[PDB]
Structures are given as C-alpha cells and as structure tokens.
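In the block that follows, a single chain appears as structure tokens, in the form deposited in one PDB entry.
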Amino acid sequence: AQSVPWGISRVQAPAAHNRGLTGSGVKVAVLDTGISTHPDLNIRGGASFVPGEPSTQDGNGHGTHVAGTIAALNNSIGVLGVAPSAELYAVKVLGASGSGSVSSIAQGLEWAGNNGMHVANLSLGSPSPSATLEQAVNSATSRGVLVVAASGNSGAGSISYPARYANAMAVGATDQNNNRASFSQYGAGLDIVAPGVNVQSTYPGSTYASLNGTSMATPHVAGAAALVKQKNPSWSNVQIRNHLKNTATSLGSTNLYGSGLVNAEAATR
C-alpha cells in the first residue's frame, strides 16, 4: 500500500497529477548527502564532490529523505513525491555527518549548470556569507537552473546562506495548522513556505522515516517547480519562481511566510 504524506496533500500535488503533470522530462539535482538506492526511487545519475567519497550513495539518510519528497514513485508501495516522474540526480556535496564545505557546494552548483539541470534543491545552509557561494548561485542561475534552498532551523529572524542570496529561492517550513514552524528561519529574502513538520519519506535501508526541518519544506517547492516546468517547458527559472510565489496561498506577513504556502494545483491551473 502507498501512503500520501500529509505535506504532499497539503501542497495539492495530487490535483496536478490528475491533470497529467508529474514532472516527466524535468531534471532535478539534489545537492545533499547523496541518494541511496530504494524501491520507491529512480536515480538517473549524479556526481560526488566530497573528497575521498566517490559514490553518490547516502551515508547519512538526509539526501534520500529529501529526494523522496520530490520524487518518490507513484506505485503500490511507500510514499508519493510531489513530482513522481522527475529525473533525479544525486549530487553529493555533504559528508555523512551532514557537514560540507563551500567548495563542495559550489562545485555541485557548477555541475548542475553544466549538465542542464532545471532545478537544484539545496536542503542545506551556511551561517556566514561566502562570495564563492554567491557566485556559484549566480552562475547556475545565469545558465538556467532554478536554485531552491532552505531558510534554516535556528528559529531566528534572518535566513541562512545561500537562501539569503537574491538568486536562490528561499523556503521556510509550516506545520499542520499552516503556522510557521517554531524552528523555521524567517526575515528578509524569504520567498515561500511549505510543510516541514513530521514529513514521512524514503530512507536508506529500504525503509521510511519522519523528519522535521526546513530541509523537508524545500523539496516540496523543488517538486512543484518541476510540475510547472512540465506544463510550461519554455519558461525560465525566473518565470517559474515568480509563478510559484504568485499562486501561493497567502498566510500573512511576508516577513514570516514570504508569499505563503506553495500550491501545486494553483500553479498548474
């Protein structure tokens, strides 16, 4: 039996699926700890930028979980992603502890731009600005990639990097009441929010796990972008970003919520 996690329903992904929009033909790079083989995922390729770790398999779990929120397969098992037909690429930029470097993240963004990815999901952050990170975001954006990044989990009224940079779409987290989750960073630069509490998804060992974080909100938006790209294959990264914001359900102050809750039904109408 397949379950539909609450966040997938909350962003109205099944309504888009009923229109025939699943993310087919859209290339999504997951810049994370890797992605492990799993019966409910189909991984098309990828690359590792972590020294001495040549495989894209996930030694942590975080990247596999993020990947399943984007693209867990629509079948009779497991869960269901926002964009179950998206082409997933594992770009390993974080080590098994969840730590990375600016150099590994920047190289992953360069790879995404050079390999024609449509969306890059960055469920990660750094507390300090880095010109190398900013340049890599700008370079990927100029090449055509939509960069989607987590606002961070510190609870503070500023958002992490690279989400804070203008050319990254910054995603915060909501709970089941459509309130901002207490940990979700907010403030200047926040674009949109998505479910980020008690998110069930794929996990290494052919299993499933529930996690909390802005890391879990971000892939709902990356998946929604893939649905919009399938419907509108000529649209640019900037057009998709603005359309997601324009069709979001407002939740109140833009300082706390950005444009509001991502809505895949409204975005694909």
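We number the residues from 1 along the sequence you see.
Quick note: we don't show the form solved in complex with a partner chain, though the next part is all about it.
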> Is its partner chain close enough to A67, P84 and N121 in the deposited bound form that each of the three has a heavy atom within 4.5 Å of it?
Replying inline: no
> Could you tell me if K229 has a non-hydrogen atom within 4.5 Å of its partner chain in the deposited bound form?
Replying inline: no
>> Under a 4.5 Å heavy atom criterion, is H62 part of the interface with its partner chain in the deposited bound form?
In response: yes
> Any of the heavy atoms of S154 lying within 4.5 Å of its partner chain in the deposited bound form?
Replying inline: yes
> Would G144 show up as a contact with its partner chain in the deposited bound form if we use heavy atoms at 4.5 Å?
Replying inline: no
>> Quick check on this chain: which one of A90, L94, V199, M117 has a heavy atom within 4.5 Å of its partner chain in the deposited bound form?
In response: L94
>> To verify the annotation, which of these, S128, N177, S182, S76, has a non-hydrogen atom within 4.5 Å of its partner chain in the deposited bound form?
In response: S128
> Which single stretch, out of 191-199, 97-105, 136-144, 67-75, brings residue heavy atoms within 4.5 Å of its partner chain in the deposited bound form?
Replying inline: 97-105
